[PDB]
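Quick notes on the structure that follows.
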Protein chains: 2
Amino acid sequence: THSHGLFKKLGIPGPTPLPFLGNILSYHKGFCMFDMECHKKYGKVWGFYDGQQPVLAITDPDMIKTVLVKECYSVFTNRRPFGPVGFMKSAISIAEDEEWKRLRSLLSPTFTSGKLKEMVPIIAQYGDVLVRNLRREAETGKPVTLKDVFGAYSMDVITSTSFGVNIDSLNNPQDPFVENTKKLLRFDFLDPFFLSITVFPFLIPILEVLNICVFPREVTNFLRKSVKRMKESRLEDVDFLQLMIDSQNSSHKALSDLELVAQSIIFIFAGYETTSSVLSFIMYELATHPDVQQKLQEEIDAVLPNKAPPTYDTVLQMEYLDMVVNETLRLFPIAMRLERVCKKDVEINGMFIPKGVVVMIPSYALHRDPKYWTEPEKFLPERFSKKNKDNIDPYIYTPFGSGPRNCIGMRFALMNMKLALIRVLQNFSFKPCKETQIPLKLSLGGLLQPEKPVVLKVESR
Amino acid sequence: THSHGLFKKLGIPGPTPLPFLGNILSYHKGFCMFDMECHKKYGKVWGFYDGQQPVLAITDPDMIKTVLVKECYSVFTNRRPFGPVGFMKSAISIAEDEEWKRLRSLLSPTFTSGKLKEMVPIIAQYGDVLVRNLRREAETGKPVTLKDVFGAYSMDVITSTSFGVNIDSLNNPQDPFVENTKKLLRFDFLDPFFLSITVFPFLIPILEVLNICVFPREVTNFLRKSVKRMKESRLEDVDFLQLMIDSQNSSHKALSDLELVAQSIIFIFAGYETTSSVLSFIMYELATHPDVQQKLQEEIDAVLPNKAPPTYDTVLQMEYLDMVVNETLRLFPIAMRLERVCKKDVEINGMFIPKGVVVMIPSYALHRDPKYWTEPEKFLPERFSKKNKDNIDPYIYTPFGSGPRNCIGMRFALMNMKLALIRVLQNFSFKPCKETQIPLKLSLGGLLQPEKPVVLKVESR
Ligand code: HEM
Ligand code: HEM
Ligand SMILES: O=C(CCc1cccnc1)N[C@H](CS[C@@H](Cc1ccccc1)C(=O)NCCc1cccnc1)Cc1ccccc1
Ligand SMILES: O=C(CCc1cccnc1)N[C@H](CS[C@@H](Cc1ccccc1)C(=O)NCCc1cccnc1)Cc1ccccc1
């Protein structure tokens, strides 16, 4: 209890922390339930301790804007430190201060609307591959696991949009390029290892000196040389790798060869499990709400008659599709929390925040607050209609974060998931099965995923 | 050898480092001899590794000025990190960046010429106490250990100038205020513990979590409450403590109660062993060079006839005394090295210095370089005469450092040591004894102290 008397001093309420452990024992229900309860007991501002690390939770929209937008470069610039990361310190997700701002600029033109429009035909090719693999399982007459069929699709999109490798991952399960990427899994920060790290942050320097890395050394070395071969096999003869090689041929230094591999890993970590997991939550909501699925199938057929292929402009034309995606992200924000580290003794919106405190934003908790959402736990896509989309605070609904350090691949993820939804709904309808978890239960761990895999009925139109 | 290929890359020469150990095995001769040899093999710029910590040594005066003066606030602002320090992170010697610049401003008016002139009568009282204790050992007819008789004097000056406690430390060896201060000793950075810290910097966070501190917890707690009692016993009814209490009654926050104790400890650590050790080197040079001692005794009697007491203005009037002090500090710079941490990827005087490299200045080595000093190893006080003092580069002879992070107690130390020299030379002459080490040998460790204690003959005038 070296720093366990900080919130009691400032008059900030919070759960009483145990020595050394802090409030980590309250995570037995998960990040989601611990945040909703604390928002109920203590109100708009409260604090707790991840071991000895003080964590201050804020829920005021004006104060969230100051943290994410206003005082970003000066104060709240970096995220919660974690390790051991090894060479992955050079990744944009982990870099801090000027190293981050240099990396953010070197990768910003990669995610413009112009580059995304050129990636549409490539991504769309695997939409047709997704249908053929789904139609073979549709004539099977048995339930289908969504994250398996969606995992293969997201895999194909990553391998093509990031490295220009075109594989049918579902039909090539033993492909060398597919086998390594499936070894990358989302970090469970409530698992025994990462919890021990949070309780024993002083053990991180020991793991770093032993070359131990939370990123498996095998997968990193595989991509570290696959790039240096493609940097010498493509050279000389539209993917993420090509756009990064063009960047080092111009803040304000060129992108390093090792840094190139770091951001490539971060792109795979981003658009793989997240895309497949979000697409699964959507098809769960479409199957349990057939009225919503039927209405969307009728909107798609209007813009795209005769099952016409979607384009960059026809996707952005669909609004009910955007409503369904936004509503699903509300009930399942894979981020759950948004965190920033306070680097100075500052005072924002009439409250003193000392140096070193991690400022946290319970995104999942604010998405289900009755103070802003009527019938929060219900799947009502009409909240995001142009009629009602104005009654939504842009700092309460933040599925892609906000400010200079938001999700740099937002429009890519949205376009990727919508293209999948469109082609799938142009050929199939989805019915609930017997083993379908109704209502779905979220995992008690540190990841926003269902307890049991989503299984539904797939029929051909 | 994670970072052991940095100097080989930049083309900077240096001794070949062993894995994990680096170049620490070369310290078997001491900081002094390792620096002189490296200045001889590799020239003006070279590098080595304290374990895995790269250390770049520079000897160009224009480049030293850029590090200590020009690019101080922007780049070279902090010193080499070391620990565990505990609460002593709040001390000016250890604080970094804005915490340091806030502390430096809060303590700068404490060391002005006005405050020092008011401390002269208090310090001068223990000059008379020093003579009586020396005259009793003068009629003894036996050799006298200088650091013992000088240690008591420096002790009395600290206890009076910092806390207003007036004790005859030599005649009160069991005084509670004297017993704790003698427990503070200069840190030997070549001892088994601090060497293990340099080789295992990742063990510092473990020692910090165990409340282990290189400053003994007993002495710290003693002064931590002695201040809070004197802050409530003096209150309400010219020392360092009083000047600091007046500062918190005005960058830009008041000085903390805990921070007050931190700087008090740093003052004791500064002006105790250093003052007694430097005063010993001077009396060694005066005894081995009687021509110098006789000339200084004649300069003192001119300004101060009939053994008149010295004042703030009569001390600054003496020039040969200043010459002798400066020349002794040349041959025995207790700093030996001057170090700064490079916080950015900068490039100064046509050389790239990456982030995290400790920039070092071999002060001891430059003080004995024949390229700037004729007959370096000889005690020739005439180098600092107004005739020849102009042929001295202010960035080669830096006994008190240089720049915004120099010794903030320079003029206090000089005035303190000169007052001691004047009163002592007004009543005694110093002859070499049989057990007197001639020539004196420096310690092979990490401290600039003699191998054997200086013993001389003391006679009454
Ligand atoms: C449904 C899909 C996705 C969602 C909901 C999502 C959400 C988020 C959120 C909430 C953040 C943190 C924002 C903040 O800290 O304020 C973030 C960061 C980030 N996202 Fe995503 N993301 C998704 C997919 C992707 C994809 C496909 C990419 C492709 C490159 C990507 C790249 C990144 C990066 C690099 C960051 C870190 C940015 C930085 O630290 O500067 N994300 N994402
Ligand atoms: C013969 C006596 C002394 C010598 C030769 C000496 C020398 C030095 C040197 C070389 C430095 C480092 C300068 C740099 O990094 O560039 C230093 C720092 C310092 N000295 Fe002294 N010193 C002496 C006595 C004292 C005394 C009596 C005090 C009383 C307060 C003192 C207070 C300090 C402090 C606080 C620092 C650190 C300054 C900072 O980090 O901002 N020193 N000293
Ligand atoms: O950017 C990516 C990764 C790519 C991505 C994923 C999803 C969406 N967009 C991008 N994570 C970003 C946050 S850093 C992540 C560690 C990481 C993990 C992988 C790579 C780099 C750093 C973390 O939460 N540390 C917290 C440390 C901690 C917590 C509790 C207790 N003790 C320690 C943004 C993000 C995260 C989660 C969802 C959405 C966005
Ligand atoms: O300011 C004081 C102390 C007071 C003082 C003493 C003498 C003159 N004036 C002031 N030290 C200052 C330097 S920090 C000292 C640690 C310290 C020690 C005590 C308190 C705070 C920090 C250090 O060298 N770390 C290096 C870490 C290291 C080295 C090698 C290998 N691995 C690790 C200035 C100074 C030092 C020496 C002589 C003159 C000035």
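So you can find residues: chains in the structure tokens are A, B, ... in the order shown, residues in each start at 1, and ligands are numbered from 1 in order.
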
Could you list, with a cut-off of 10 Å and counting only C-alpha atoms, the residues of region 207-326 of chain B near region 143-154 of chain B, each shown with its nearest atom pair and the distance in Å rounded to one decimal, rows sorted by chain and ascending number, as a Markdown table?
```
| residue | atom | partner | partner_atom | distance |
| --- | --- | --- | --- | --- |
| B:268 | CA | B:154 | CA | 9.4 |
| B:271 | CA | B:154 | CA | 7.0 |
| B:272 | CA | B:154 | CA | 5.4 |
| B:273 | CA | B:151 | CA | 6.9 |
| B:274 | CA | B:154 | CA | 8.9 |
| B:275 | CA | B:154 | CA | 6.4 |
| B:276 | CA | B:150 | CA | 4.9 |
| B:277 | CA | B:147 | CA | 6.3 |
| B:278 | CA | B:147 | CA | 9.2 |
| B:279 | CA | B:150 | CA | 7.0 |
| B:280 | CA | B:146 | CA | 5.7 |
| B:281 | CA | B:146 | CA | 9.1 |
| B:283 | CA | B:146 | CA | 8.0 |
| B:284 | CA | B:146 | CA | 9.0 |
```

Self-check item: chain A contacts to chain B at 7 Å (only C-alpha atoms) as an NGL selection string
Solution: :A and (202 or 205-206)

Practice problem: Taking only C-alpha atoms and all ligand atoms into account, report as a PyMOL selection string which residues have an atom no farther than 8 Å from an atom of ligand 3. | Solution: chain A and resi 50+79-82+88+91-94+186-187+189-190+194-195+197-198+266-271+274+334-339+400-401+407-409

Selection from above, N, CA and C atoms, as a compact mmCIF listing (two decimals), in the first residue's frame, can you write it?
```txt
# COMPACT_ATOMS: atom_id res chain seq x y z
N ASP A 50 -4.89 -1.24 -9.90
CA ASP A 50 -4.44 -2.48 -10.51
C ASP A 50 -3.09 -2.83 -9.89
N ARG A 79 -0.52 5.01 -23.85
CA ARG A 79 -1.41 4.03 -23.25
C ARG A 79 -0.72 3.36 -22.07
N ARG A 80 -1.47 2.50 -21.38
CA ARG A 80 -0.94 1.83 -20.20
C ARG A 80 0.26 0.96 -20.58
N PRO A 81 1.40 1.13 -19.92
CA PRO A 81 2.57 0.30 -20.25
C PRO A 81 2.32 -1.16 -19.93
N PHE A 82 2.85 -2.03 -20.78
CA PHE A 82 2.77 -3.47 -20.56
C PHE A 82 3.92 -4.12 -21.30
N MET A 88 8.77 -5.09 -30.43
CA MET A 88 7.45 -4.53 -30.69
C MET A 88 7.23 -3.19 -30.02
N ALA A 91 6.18 -0.58 -32.52
CA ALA A 91 4.86 -0.59 -33.12
C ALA A 91 4.07 0.64 -32.69
N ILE A 92 3.20 1.11 -33.58
CA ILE A 92 2.44 2.33 -33.32
C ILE A 92 1.54 2.16 -32.10
N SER A 93 1.00 0.96 -31.89
CA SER A 93 0.14 0.71 -30.74
C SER A 93 0.89 0.84 -29.42
N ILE A 94 2.21 0.65 -29.42
CA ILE A 94 2.98 0.62 -28.19
C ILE A 94 3.92 1.81 -28.05
N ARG A 186 -5.55 -12.89 -29.29
CA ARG A 186 -5.78 -11.68 -28.51
C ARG A 186 -5.33 -11.88 -27.07
N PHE A 187 -4.67 -10.86 -26.52
CA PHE A 187 -4.09 -10.95 -25.19
C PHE A 187 -5.17 -10.88 -24.12
N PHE A 189 -5.81 -10.10 -20.68
CA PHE A 189 -5.17 -9.38 -19.58
C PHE A 189 -5.71 -9.79 -18.21
N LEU A 190 -6.61 -10.77 -18.15
CA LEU A 190 -7.05 -11.36 -16.90
C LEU A 190 -6.55 -12.79 -16.73
N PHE A 194 -0.67 -12.38 -17.40
CA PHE A 194 -0.77 -10.92 -17.45
C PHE A 194 -1.27 -10.34 -16.13
N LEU A 195 -2.02 -11.11 -15.35
CA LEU A 195 -2.37 -10.66 -14.01
C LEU A 195 -1.14 -10.63 -13.11
N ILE A 197 1.82 -10.08 -14.13
CA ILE A 197 2.57 -8.91 -14.58
C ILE A 197 2.01 -7.65 -13.95
N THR A 198 0.68 -7.54 -13.88
CA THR A 198 0.06 -6.36 -13.28
C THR A 198 0.36 -6.29 -11.78
N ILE A 266 1.12 -5.61 -36.12
CA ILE A 266 0.03 -4.89 -35.48
C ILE A 266 -1.21 -4.88 -36.37
N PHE A 267 -1.03 -4.88 -37.69
CA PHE A 267 -2.18 -4.91 -38.58
C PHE A 267 -2.88 -6.26 -38.52
N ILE A 268 -2.11 -7.34 -38.46
CA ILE A 268 -2.70 -8.67 -38.34
C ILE A 268 -3.43 -8.81 -37.02
N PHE A 269 -2.78 -8.41 -35.92
CA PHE A 269 -3.42 -8.45 -34.61
C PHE A 269 -4.72 -7.66 -34.59
N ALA A 270 -4.80 -6.59 -35.37
CA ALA A 270 -5.99 -5.74 -35.38
C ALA A 270 -7.13 -6.39 -36.16
N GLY A 271 -6.95 -6.54 -37.47
CA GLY A 271 -8.03 -6.93 -38.36
C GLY A 271 -8.31 -8.40 -38.49
N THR A 274 -10.66 -9.44 -34.37
CA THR A 274 -11.67 -8.41 -34.20
C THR A 274 -12.71 -8.47 -35.31
N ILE A 334 -15.39 -4.16 -28.63
CA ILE A 334 -14.28 -5.05 -28.34
C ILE A 334 -13.19 -4.37 -27.52
N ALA A 335 -13.19 -3.04 -27.46
CA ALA A 335 -12.23 -2.33 -26.63
C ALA A 335 -12.59 -2.40 -25.15
N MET A 336 -13.89 -2.30 -24.84
CA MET A 336 -14.40 -2.30 -23.47
C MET A 336 -13.94 -1.06 -22.69
N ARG A 337 -12.64 -0.81 -22.67
CA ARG A 337 -12.07 0.35 -22.00
C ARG A 337 -11.23 1.16 -22.97
N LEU A 338 -11.06 2.44 -22.64
CA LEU A 338 -10.11 3.31 -23.31
C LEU A 338 -9.23 3.93 -22.24
N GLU A 339 -7.91 3.84 -22.42
CA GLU A 339 -6.98 4.21 -21.37
C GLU A 339 -5.93 5.18 -21.90
N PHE A 400 -14.32 3.13 -31.83
CA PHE A 400 -12.98 3.26 -32.40
C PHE A 400 -12.16 4.31 -31.66
N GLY A 401 -12.46 4.53 -30.38
CA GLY A 401 -11.78 5.57 -29.65
C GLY A 401 -12.13 6.95 -30.17
N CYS A 407 -8.54 4.66 -33.53
CA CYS A 407 -8.26 3.53 -34.41
C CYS A 407 -7.92 4.05 -35.80
N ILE A 408 -6.66 3.90 -36.20
CA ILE A 408 -6.23 4.41 -37.50
C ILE A 408 -6.80 3.58 -38.64
N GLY A 409 -7.31 2.38 -38.34
CA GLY A 409 -7.90 1.54 -39.36
C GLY A 409 -9.41 1.43 -39.25
```

Exercise. Would you list the contacts of residue 38 (chain B) as a count of residues only, taking every protein, DNA or RNA residue within 9 Å and counting only C-alpha atoms, but skipping same-chain residues closer than 4 positions in sequence?
Key: 8

Quiz item: Could you pull the residues within 10 Å of residue 66 (chain A), counting only C-alpha atoms, minus those fewer than 3 positions along the same chain, as a PyMOL selection string?
Solution: chain A and resi 61-63+69-72+75-76+348-349+403

Quiz item: Among region 162-350 of chain A, which residues carry a DSSP assignment of alpha helix (DSSP H), reported as a PyMOL selection string?
Solution: chain A and resi 162-163+176-181+192-199+204-209+217-233+240-247+257-271+273-288+290-303+312-317+320-331

Practice problem: Name the residues in contact with residue 21 (chain A) at a cut-off of 9 Å, using only C-alpha atoms, excluding same-chain residues fewer than 6 positions from it; report them as JSON, numbers by chain. | Solution: {"A": [49, 50, 51, 52, 199]}

Take the selection from the previous step and output its residues with N, CA, C and O atoms, as a compact mmCIF listing (two decimals), in the first residue's frame.
```txt
# COMPACT_ATOMS: atom_id res chain seq x y z
N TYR A 49 -7.13 0.44 -7.96
CA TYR A 49 -5.71 0.15 -8.09
C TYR A 49 -5.51 -1.21 -8.72
O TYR A 49 -5.92 -2.23 -8.15
N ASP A 50 -4.89 -1.24 -9.90
CA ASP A 50 -4.44 -2.48 -10.51
C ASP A 50 -3.09 -2.83 -9.89
O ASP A 50 -2.03 -2.48 -10.40
N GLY A 51 -3.15 -3.53 -8.76
CA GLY A 51 -1.96 -3.76 -7.96
C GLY A 51 -1.59 -2.52 -7.18
O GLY A 51 -2.26 -2.15 -6.22
N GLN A 52 -0.51 -1.86 -7.60
CA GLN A 52 -0.13 -0.57 -7.06
C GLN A 52 -0.39 0.56 -8.04
O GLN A 52 -0.13 1.73 -7.72
N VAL A 199 0.40 -7.44 -11.11
CA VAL A 199 0.74 -7.44 -9.69
C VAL A 199 2.25 -7.30 -9.50
O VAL A 199 2.69 -6.68 -8.52
```

Quiz prompt | Near-residue 45 (chain A) list (8 Å; only C-alpha atoms; drop same-chain fewer than 2 positions) as a list in words | solution =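 Counting only the stated atoms, we get residues 12, 13, 39, 42, 43, 47, 56, 57, 58 and 59 of chain A.
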
Exercise. Tell me, as a list in words, which residues lie within 7 Å of region 369-386 of chain B, counting only C-alpha atoms; anything in the same chain fewer than 6 positions away does not count.
Key: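 Close residues of region 369-386 of chain B: residues 323, 324 and 327 of chain B.
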
Atoms kept (N, CA, C and O atoms) for selection, written as a PDB file, in the first residue's frame:
```pdb
ATOM      1  N   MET B 323      44.668  30.343  -5.424  1.00  0.00           N
ATOM      2  CA  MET B 323      45.532  29.571  -6.310  1.00  0.00           C
ATOM      3  C   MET B 323      45.802  28.183  -5.747  1.00  0.00           C
ATOM      4  O   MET B 323      45.757  27.189  -6.481  1.00  0.00           O
ATOM      5  N   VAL B 324      46.082  28.095  -4.446  1.00  0.00           N
ATOM      6  CA  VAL B 324      46.396  26.806  -3.834  1.00  0.00           C
ATOM      7  C   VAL B 324      45.174  25.897  -3.836  1.00  0.00           C
ATOM      8  O   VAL B 324      45.277  24.698  -4.124  1.00  0.00           O
ATOM      9  N   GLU B 327      44.571  24.693  -7.440  1.00  0.00           N
ATOM     10  CA  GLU B 327      45.566  23.732  -7.904  1.00  0.00           C
ATOM     11  C   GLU B 327      45.356  22.365  -7.265  1.00  0.00           C
ATOM     12  O   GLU B 327      45.518  21.334  -7.928  1.00  0.00           O
TER      13      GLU B 327
END
```
